[PDB]
Each structure stands twice: as structure tokens, then as C-alpha cells.
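S.K.: Under the deposited numbering, the first residue of the sequence shown is numbered 6, with each subsequent residue one higher.
All residues carry an ideal CB built from backbone N, CA and C; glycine is no exception.
Next up is a structure, given as C-alpha cells.
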Amino acid sequence: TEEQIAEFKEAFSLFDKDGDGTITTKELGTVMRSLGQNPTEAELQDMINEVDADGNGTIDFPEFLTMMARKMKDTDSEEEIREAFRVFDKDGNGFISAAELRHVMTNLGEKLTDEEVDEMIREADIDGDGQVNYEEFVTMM
Ligand SMILES: [Ca+2]
Ligand SMILES: [Ca+2]
Ligand SMILES: [Ca+2]
Ligand SMILES: [Ca+2]
Numbered sequence: 006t007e008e009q010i011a012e013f014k015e016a017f018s019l020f021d022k023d024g025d026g027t028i029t030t031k032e033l034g035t036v037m038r039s040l041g042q043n044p045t046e047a048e049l050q051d052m053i054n055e056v057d058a059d060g061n062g063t064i065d066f067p068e069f070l071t072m073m074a075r076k077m078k079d080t081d082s083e084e085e086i087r088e089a090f091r092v093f094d095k096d097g098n099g100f101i102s103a104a105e106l107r108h109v110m111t112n113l114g115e116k117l118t119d120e121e122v123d124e125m126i127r128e129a130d131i132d133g134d135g136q137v138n139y140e141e142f143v144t145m146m
């Protein structure tokens, strides 16, 4: 993960406009505006605060790094949950049905009856439409 780190250093350099090794609300502003966005000073301070740990008002690399790291983990986890969902969502329409769940499960070594998969679907069917969508899937696993 020694390379991840080099890429994070480069990402950070893009924010650190003058290269002192800290990111200010001013520099963040410049970056945001170069992206077509126009956050207020209040918004810039909020964005800085979400990463600025010791609260001295700016973001150093160790804080940036610590942030990017956590962010990537959740990014990867998120993708894996979605990959799992896709496997169960046989016809890929965005909803896991009892029939698909039964089918995929058996083809994965897990044999269940219609009654059992029904109970699993129900337990996760928050919006009550009869199948498990992605959001419900996440809330359940
Ligand atoms: Ca700077
Ligand atoms: Ca700081
Ligand atoms: Ca489906
Ligand atoms: Ca549902």
C-alpha cells in the first residue's frame, strides 16, 4: 500500500496550492471553483473541519491521508456489497426475489425451501413490495 500513498500525496498536492504541506479553506475554494463549484466560506470551513483533526484550522497530509484511507475502504466495501447483490439479483432488474434467491443459493451450495426464502425476503422487505432492493439488502447485511 506504499503506492496508494504516493497517489494520495499527489491528490493532496492538487489541493495544497503553494506546497507548504497544509490545506486552507482558501486553497480548497480555488480547487472547488476550478471544478465549476462555488462554495461559501462557511461551506469551505465545514469541508476543512470534516478532515482537520487537531482543529488548528487547516489540513495536513497525515490528516488528509487518514481520511483518504478510510474513504477508500468504504468505497471498496461498498462495491463488494453491490457485487454480492448482483449475484443474487439473477435477472438483474434491481430486486432480489424469493425465486432468484432460492435458485442462486442452491447454485451456491445452499438449499432452501420456498417457505424459508420467503421468510428471508420478508425480514428484509422494508418497503413491502415483495422483493429485496439494494437499499434493503444493505440494511440487512
Ligand atoms: Ca498550502
Ligand atoms: Ca490540522
Ligand atoms: Ca430480480
Ligand atoms: Ca422491497
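(1) Can you tell which of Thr27, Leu70, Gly60 has its C-alpha closest to the C-alpha of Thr6?
(2) Work out the CA separation of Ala103 and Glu128 for me, nearest whole Å.
(3) Contact between the stretch 46-59 and the stretch 91-108: three or more CB pairs below 8 Å?
(4) With DSSP as the reference, label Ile28 as helix, strand or coil.
(5) Quick one: is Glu115 buried, meaning 16 or more other Cβ sit within 10 Å of its Cβ, or exposed?
(6) When you compare only the Cα positions, how much space is there between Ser39 and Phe13?
(7) Whose C-beta lies closer than 7 Å to the C-beta of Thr29 among residues of the same chain, with five residues either side of it excluded?
(8) Using 7 Å as the cut-off, classify the Cβ of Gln50 as near or not near the heavy atoms of ligand 4, replying yes or no.
(9) Report buried or exposed for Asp79, applying the criterion of at least 16 other Cβ atoms within 10 angstroms of its Cβ.
(10) Do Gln136 and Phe90 have their CB atoms nearer than 8 Å?
(11) Using a threshold of 7 Å, is the CB atom of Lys14 nearer than that to any non-hydrogen atom of ligand 1?
(12) What's the call for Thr35, buried or exposed, on a 16-neighbour Cβ count within 10 Å?
(13) Relative to ligand 3, is the shortest distance from any of its heavy atoms to the C-beta of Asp79 smaller than 7 Å?
M.R.: Working from what's here:
(1) Measuring from the Cα of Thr6, the nearest candidate turns out to be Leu70.
(2) 12 Å
(3) no
(4) strand
(5) Exposed.
(6) Note on geometry: alpha-carbon atoms of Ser39 and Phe13 lie some 20 Å from one another.
(7) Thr63
(8) no
(9) exposed
(10) Taking 8 Å as the Cβ cut-off, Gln136 and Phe90 do not qualify as a contacting pair.
(11) No, Cβ of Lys14 sits at least 7 Å from all heavy atoms of ligand 1.
(12) exposed
(13) no
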